[PDB]
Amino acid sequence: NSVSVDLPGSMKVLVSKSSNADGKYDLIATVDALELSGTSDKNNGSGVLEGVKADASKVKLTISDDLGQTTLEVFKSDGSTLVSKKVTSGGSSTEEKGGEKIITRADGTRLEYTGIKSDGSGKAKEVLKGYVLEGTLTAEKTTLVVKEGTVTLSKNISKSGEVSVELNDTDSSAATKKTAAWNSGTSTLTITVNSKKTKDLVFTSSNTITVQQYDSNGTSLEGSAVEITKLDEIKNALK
């Protein structure tokens, strides 16, 4: 009979084996307790399905033509006002509700934006493996902050998605004050104390942070880089 098709977002759609008199294919899906149905002018599982929850909320599942993306939307009972929207593609998902956007990356790490206001500002949290970074959102950038002593480390995520990192230390003494330089080409923050490099912090494409010390000469790296697994270890890097 029908053919089962796996979809992004851990969903499945059943597509009719052959088309109706208008050339169209029937689509059926079950998401949790909810039955969805629709018709499509393609035979591969793409198209639009609709249903209605027990509380009368309208639901729409939209599957892109090449099956690369799903959009699951919930509306109020007249179907006009959007309540929630979840888009999944490329192994990542974005879930939006009033005042909130949750981005889940393919590796399970998350960006959580909450309390979002009409100027694009809000609270921000990055959920990594082993720890969480907290800060703020503006329409220009996300800023995540770690404080240790008189040092403040700030990880910035541009609106466009570019990562940069900065460090500021209010320490008065030049013998102990930390400064840092950011190398966008290697996503690396190099920390200096008393005119010698002390540590490289690498912000990897796998959404991890590693730390590696320099030799006492301040010019050569020593040992090997260690992946941060808890917030305590970021703080230790800032001492």
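We number the residues from 1 along the sequence you see.
Annotation for 192-200 versus 57-65: the higher mean temperature factor (C-alpha) is found in 192-200.
The stretch 88-96 shows the higher mean C-alpha B-factor when 88-96 is compared against 67-75 in the entry. Comparing the listed residues 174, 48, 209, 36, the entry records the largest Cα B-factor for 174. Among 187, 213, 179, 30, the highest C-alpha B-factor in the deposited entry belongs to 30. Placement of the Cα temperature factor of residue 14 within the chain: highest third of the modelled residues, per the deposited record.
When all modelled residues of the chain are sorted by CA temperature factor, residue 125 is found within the middle third. Residue-level temperature factors show residue 163 in the middle third of its chain, judged at the C-alpha atom. When the modelled residues of the chain are ordered by C-alpha B-factor, residue 151 sits in the middle third. Sort the chain's modelled residues by C-alpha temperature factor and residue 224 lands in the lowest third, per the entry.
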